[PDB]
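Q: Before I ask anything, let me first share the structure, which is written out below as structure tokens.
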Amino acid sequence: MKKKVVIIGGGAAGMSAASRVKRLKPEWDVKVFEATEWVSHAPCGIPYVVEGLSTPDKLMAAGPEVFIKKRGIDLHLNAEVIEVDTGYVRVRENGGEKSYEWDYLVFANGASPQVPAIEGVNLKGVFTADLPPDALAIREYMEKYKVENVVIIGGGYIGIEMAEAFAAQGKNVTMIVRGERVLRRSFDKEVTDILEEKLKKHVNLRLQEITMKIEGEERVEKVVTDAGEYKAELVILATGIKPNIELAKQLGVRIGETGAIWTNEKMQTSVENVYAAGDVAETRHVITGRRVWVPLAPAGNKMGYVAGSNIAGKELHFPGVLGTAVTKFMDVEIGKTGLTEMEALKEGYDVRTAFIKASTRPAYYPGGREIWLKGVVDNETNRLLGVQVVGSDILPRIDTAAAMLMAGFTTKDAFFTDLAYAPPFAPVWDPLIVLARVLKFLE
Amino acid sequence: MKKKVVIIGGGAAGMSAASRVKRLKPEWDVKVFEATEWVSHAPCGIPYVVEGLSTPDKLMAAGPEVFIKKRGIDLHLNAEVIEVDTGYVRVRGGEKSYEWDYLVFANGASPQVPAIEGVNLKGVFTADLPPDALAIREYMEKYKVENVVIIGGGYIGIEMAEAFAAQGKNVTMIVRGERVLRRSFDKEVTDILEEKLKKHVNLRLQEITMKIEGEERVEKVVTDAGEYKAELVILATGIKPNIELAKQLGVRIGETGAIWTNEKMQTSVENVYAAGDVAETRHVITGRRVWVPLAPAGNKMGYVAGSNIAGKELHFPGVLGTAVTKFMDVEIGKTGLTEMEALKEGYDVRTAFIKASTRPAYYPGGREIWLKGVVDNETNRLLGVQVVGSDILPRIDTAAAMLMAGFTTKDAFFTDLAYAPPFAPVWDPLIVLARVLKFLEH
Ligand SMILES: Cc1cc2nc3c(=O)[nH]c(=O)nc-3n(C[C@H](O)[C@H](O)[C@H](O)COP(=O)(O)OP(=O)(O)OC[C@H]3O[C@@H](n4cnc5c(N)ncnc54)[C@H](O)[C@@H]3O)c2cc1C
Ligand SMILES: Cc1cc2nc3c(=O)[nH]c(=O)nc-3n(C[C@H](O)[C@H](O)[C@H](O)COP(=O)(O)OP(=O)(O)OC[C@H]3O[C@@H](n4cnc5c(N)ncnc54)[C@H](O)[C@@H]3O)c2cc1C
Ligand SMILES: CC(C)(COP(=O)(O)OP(=O)(O)OC[C@H]1O[C@@H](n2cnc3c(N)ncnc32)[C@H](O)[C@@H]1OP(=O)(O)O)[C@@H](O)C(=O)NCCC(=O)NCCS
Ligand SMILES: CC(C)(COP(=O)(O)OP(=O)(O)OC[C@H]1O[C@@H](n2cnc3c(N)ncnc32)[C@H](O)[C@@H]1OP(=O)(O)O)[C@@H](O)C(=O)NCCC(=O)NCCS
């Protein structure tokens, strides 16, 4: 008969799972509790609302009424799950604080930014960019106060996307990076260097620097590091994120080695009838089989879909991820899929690599631009372990490579794949195919 | 020890194979005979040189000296192979014979000549090799051309129409069929390109051209429907493989009309290979033999043939029929089988046709993109994908990989495809397509 399903969080994962369950079991009572006023939202668009490319209401996919009226999901907004135990959840709503039973539970509860323990992080003008309310706050601050110098702490992709959003508004932007290069955790050097030459020109890039303090009157005026000081009337916090596991721990939910919630292929946790999905959830790597945490949106959506399916008695397996990701600074596109040279080495693979430059068009169609590719290959199988791409028109290479990795293509398999050619689209030898030829499969 | 290798034709296929052989066997005598002055040339760029996007010398990649001096290939330009027999080739001024131990037909395909009167008037052109682009340019400089007429609704017709429309000319398209590209795509896909095409070109469907009229020069085109003022005509009513020399050697011709080959690109005659637009190949999905005269396949075939000639065994799996082109801002392409082709092949099929956007609603510049999918009901495998609108390349190339590997609808759904707001919407259109199908179980 009928069950009560409860879902914690109204991001991509939560809504994916709610939609899916209700879709499969219309007669079921599917409740969602979302702490904010925002549902079906894209934190991925925050830099572009901040940059001013978009109005803040566009961050919402559909109307909460679509979920409630049209799809029949008992959506509670401004509802924080504060306690959780086996079969129960405790929630605060009208002010008021009330308990609800559940037969199935989903943690779709995301991840929030790491708070670096330096003094003055709580000044007015210090911001983290994680949910849509952050975009509103940043906009209202800049309207109330004249912000001219901005300082970004962190060289991850969020740092970079945020830097772009302020540089594009004519601001003086300074980036503080602990590492020897940007994005050093997720990409190899010869790839990140290409984005850096560009970044360095539009941003004061400060490598190998540890921020000690944020100083300021009623709110932020300066940032002090182990090297120098930097004028700043706005600070963007983005020094990594961590999964929101505190409620899970209350239920004794197994936490994976990554820090995120352990799941299997069906997105089940260690606790029966309890699932986890999205940025909170640890998953599987398609190439290594190791468990890994990749808090991105497409995976998050799929996990939600998968969890819902299984909750509703329709067995379905998530194979895992490839770590596929893309972003851009100005006209410089950057992305990967599969393992970097570093990751593959860490995993004990016997690897060979290649790094090549090519063009996006033939020399007889104009507008051809530079594109660079790095490939990583297991010497014992000739299989592609990963691909990194930087320059322009990278998406078809990344998406195509991703398919290839899903299927375990070799260098020879890639070479003979029937990829498309017309002069307006690409050069006669696709850059991905050139890469494949470079390595040259053998034995 | 050393062998004499001879290669007929200096297009993509010929040069691919010559480079490859010489690369593997530097001590071998590798001769190429190319009828024109052009080597390593791209007929694919002719519309854009005609449109004026490019100067005509950019149709050649590296100088002929790169091949001769730098790579050591005995390249003969302005050399037509006129006769061929077992072990010999006859070439032309001057006419002399050369021995061969291995032979490659890299000999392309030339346009079908429709047998209507006046096709040989000044101003009537075919667009197949680079000299054609030069001829078309010099004609337009010498004579004022204002009305252009294109015969044929294939991709060449369409690319040529764009090249004349973009120059402000009055362009009229005569098409025998009920729609453009009707041979290679389904209706609900071609219709999207047509709504656009119809606005910048006088599109005349279901019309058979009877006559080209003129004095010394073309002035008009007459069809079964009306007449059309015209000072320049493009004929693009299909192409056919150049097999006449092959027949002289008794080379097996496939059911398609092109030269039969196997995976190693060998013909029915020992030590004789074929590569490129002249060659019939294999279909990766159906296993049927098929002719797809396109450039990437042509290059690969050349590479494969060379490898095997030089004692390094290598197999070409075949093609998917992947292809893309564009009219103005309307991109069009496919990979794998259309609904029509799949039905012709006896598959039990289901399909889907969806519209999506290239960005999320919060990043601007999002445009419309439509996808058709064809799926075998007994395996859930993708048989083909068709795409029209904008930003189609990542869908087509990705789908192509998927077809190479035999992905199902579920395999596609769970593929880790990329997302950022500047690149695509949260649900990639390819993934939406896959979901639409829905993996069914017995
Ligand atoms: C600036 C930025 C840029 C990004 N860019 C990209 C990109 O380019 N590409 C990409 O693939 N991914 C990107 N991501 C990641 C992407 O936004 C997430 O992976 C995706 O939103 C995951 O959805 P989710 O539901 O798992 O978690 P989230 O979307 O983070 O949302 C979780 C929700 O749960 C709610 N919640 C938390 N605790 C409670 C509680 N106790 N009670 C009730 N509700 C609660 C929160 O209010 C929150 O709204 C980006 C993220 C950020 C912050
Ligand atoms: C207008 C047009 C647009 C195109 N657009 C696309 C596209 O968008 N995408 C795509 O993938 N493909 C396209 N193609 C196809 C592509 O150009 C060919 O597949 C490719 O050039 C094949 O190379 P090939 O050497 O096999 O044949 P070809 O390139 O035709 O070259 C064969 C050569 O052999 C020579 N030859 C012939 N007979 C003799 C003889 N007796 N002796 C000596 N030499 C001889 C010819 O002079 C010719 O140069 C297009 C073709 C045309 C004409
Ligand atoms: C949209 C959403 C809530 C997930 O719910 P969903 O209903 O599974 O997603 P969709 O709205 O695409 O799917 C609706 C249904 O219509 C179908 N559909 C029909 N025509 C379609 C078309 N032209 N395009 C897309 N989907 C179509 C879908 O395939 C799906 O099928 P189903 O009925 O078998 O489930 C979720 O993706 C979401 O929260 N999105 C916005 C926020 C976001 O993802 N941002 C994350 C961080 S950037
Ligand atoms: C170029 C052509 C002659 C084939 O020659 P090829 O040697 O097979 O291909 P390339 O010249 O690209 O390869 C040269 C070598 O350097 C390498 N290389 C080429 N470009 C490279 C790059 N950008 N970065 C790194 N390495 C590269 C290749 O891997 C190749 O390796 P090999 O030494 O193992 O052979 C053939 O493709 C051709 O005729 N092209 C012109 C025709 C055309 O483009 N269009 C035809 C119809 S539109």
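Those sequence lines, one after another, are chains B and A. Just so you know, the first sequence maps onto residues 5 to 447 in PDB author numbering. Just so you know, the second sequence maps onto residues 5 to 96, 99 to 448 in PDB author numbering. Each residue gets a CB set at the ideal place from its N, CA and C atoms; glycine is no exception.
Rounded to whole angstroms, what is the Cα-Cα separation between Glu337/B and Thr229/B?
A: Going by the C-alpha atoms only, they are around 30 Å apart.
Q: Note down, in chain order, every chain B residue with its Cβ under 7 Å from the Cβ of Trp376/A.
A: Within chain B, no residue comes near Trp376/A; the closest Cβ sits about 17 Å away, beyond 7 Å.
Q: So, is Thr385/A buried or exposed, given that buried needs 16 or more other C-beta atoms within 10 angstroms?
A: It is exposed - the Cβ of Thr385/A has fewer than 16 other Cβ atoms within 10 Å.
Q: Counting C-beta neighbours from all protein chains within 10 Å, is the total for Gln392/A 16 or more, i.e. buried, or is it exposed?
A: It counts as buried.
Q: Apart from the five residues on each side of it in sequence, which residues of its chain come closer than 7 Å, Cβ to Cβ, to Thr90/B?
A: Closer than 7 Å at Cβ, skipping near neighbours: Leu255.
Q: Using only the alpha-carbon positions, how far apart do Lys204/B and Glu69/A sit?
A: The straight-line gap from Cα to Cα measures roughly 42 Å.
Q: Tell me, please, which residues DSSP counts as bridged to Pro247/A.
A: According to DSSP, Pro247/A bridges with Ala115/A.
Q: Any heavy atom of ligand 1 closer than 7 Å to the CB of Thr40/B?
A: Yes - ligand 1 has a heavy atom lying nearer than 7 Å to the Cβ of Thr40/B.
Q: Within 10 angstroms of its Cβ, does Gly49/B collect 16 or more other Cβ (buried), or is it exposed?
A: It counts as buried.
Q: Just verifying my parser: in three-state terms, what is the DSSP assignment at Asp89/A?
A: In this structure, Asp89/A counts as strand in the three-state DSSP scheme.
Q: Please report the distance separating the alpha-carbon of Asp197/A from that of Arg185/A.
A: Between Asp197/A and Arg185/A, the C-alpha separation is close to 8 Å.
Q: What's the call for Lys332/A, buried or exposed, on a 16-neighbour Cβ count within 10 Å?
A: When all chains shown are included, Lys332/A counts as buried.
Q: So which residues of chain A does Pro435/B contact, with C-beta pairs closer than 7 Å?
A: By Cβ distance, chain A contributes nothing, its closest Cβ being about 11 Å from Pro435/B, past 7 Å.
Q: Given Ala424/A, which residues of its chain have a CB within under 6 Å of its CB, disregarding the five upstream and five downstream residues?
A: The answer is none, since no qualifying residue turns up.
Q: Are there any heavy atoms of ligand 1 lying less than 7 Å away from the beta-carbon of residue 4/B, as far as the coordinates show?
A: No answer is possible for residue 4/B: it lies beyond the span of chain B, which begins at 5 and ends at 447.
Q: Please list, in chain order, the residues of the segment 340–353 of chain B that have any C-beta partner in chain A closer than 8 Å.
A: Residues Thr341.
Q: Alpha carbon to alpha carbon, how far is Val325/A from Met346/A? Give it in angstroms, no decimals.
A: Near 18 Å, if we compare the C-alpha coordinates of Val325/A and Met346/A.
Q: According to DSSP, is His321/B helix, strand or coil?
A: Three-state result, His321/B: coil.
Q: Does the beta-carbon of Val70/A, which I'm using as the reference point, lie nearer than 7 Å to any heavy atom of ligand 2?
A: Checking every heavy atom of ligand 2 against the Cβ of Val70/A, none is found closer than 7 Å.
Q: So with CB distances below 7 Å, who are the chain A contacts of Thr414/B?
A: Near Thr414/B there are no residues of chain A at all, since even the closest Cβ is about 11 Å away, more than 7 Å.
Q: In three-state terms, what does DSSP make of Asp397/B?
A: Note: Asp397/B maps to coil in three-state DSSP.
Q: Nearest-angstrom Cα distance between residue 449/A and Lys7/A?
A: Not covered by the structure: residue 449/A. The range shown for chain A is 5 to 448.
Q: Can you name the start and end residues of the beta strand (DSSP E) that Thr357/B belongs to?
A: Element bounds for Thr357/B: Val355 to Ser363.
Q: According to the Cβ coordinates, are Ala281/B and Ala21/B closer than 8 Å?
A: Going by C-beta atoms, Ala281/B is nearer than 8 Å to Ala21/B.
Q: Within 8 Å of any Cβ in chain B, is that where the Cβ of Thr331/A sits?
A: Judged by the 8 Å Cβ criterion, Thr331/A is in contact with chain B.
Q: Tell me whether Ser313/A, by its Cβ, gets closer than 7 Å to a heavy atom of ligand 4.
A: No, since every heavy atom of ligand 4 falls outside the 7 Å radius drawn around the Cβ of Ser313/A.
Q: Output the residue ranges of the beta strand (DSSP E) runs that lie fully inside the segment 263–322 of chain A and measure 3 residues or longer, sorted by chain position.
A: Here the runs fully enclosed are 278–280.
Q: Leaving aside the five residues before and after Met334/B along the sequence, list all residues of the same chain whose C-beta is less than 7 Å from its C-beta, in chain order.
A: Counting only Cβ-Cβ distances below 7 Å, and skipping sequence neighbours, we find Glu168, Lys202 and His206.
Q: For the putative contact between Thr364/B and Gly352/B, defined by C-beta atoms under 8 Å, what is the C-beta separation to the nearest angstrom?
A: 36 Å between Cβ atoms; not a contact.
Q: Starting from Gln254/B, follow its DSSP beta bridges and name the residues at the other end.
A: Per DSSP, none; premise fails for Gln254/B.
Q: Hey, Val296/A and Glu286/A are a contact pair by Cβ (cut 8 Å); roughly how many whole angstroms apart?
A: Right, the Cβ-Cβ distance comes to about 7 Å (below 8 Å), so this counts as a contact.
Q: What residues of chain A sit near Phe322/B, judged by a beta carbon separation below 7 Å?
A: Result: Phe420.
Q: Cα-Cα, which of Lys340/B, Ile12/B and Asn208/B is closest to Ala236/B?
A: Per the Cα distances, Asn208/B.
Q: Measure the Cβ-Cβ separation of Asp283/B and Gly163/B and say whether it is below 8 Å.
A: Going by C-beta atoms, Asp283/B is not nearer than 8 Å to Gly163/B.
Q: Which of the three DSSP states, helix, strand or coil, is assigned to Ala167/A?
A: Here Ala167/A sits in helix by DSSP.
Q: Check whether the Cβ of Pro366/B lies closer than 7 Å to any heavy atom of ligand 4, and answer yes or no.
A: Because some heavy atom of ligand 4 lies under 7 Å away, the Cβ of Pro366/B counts as near it: yes.
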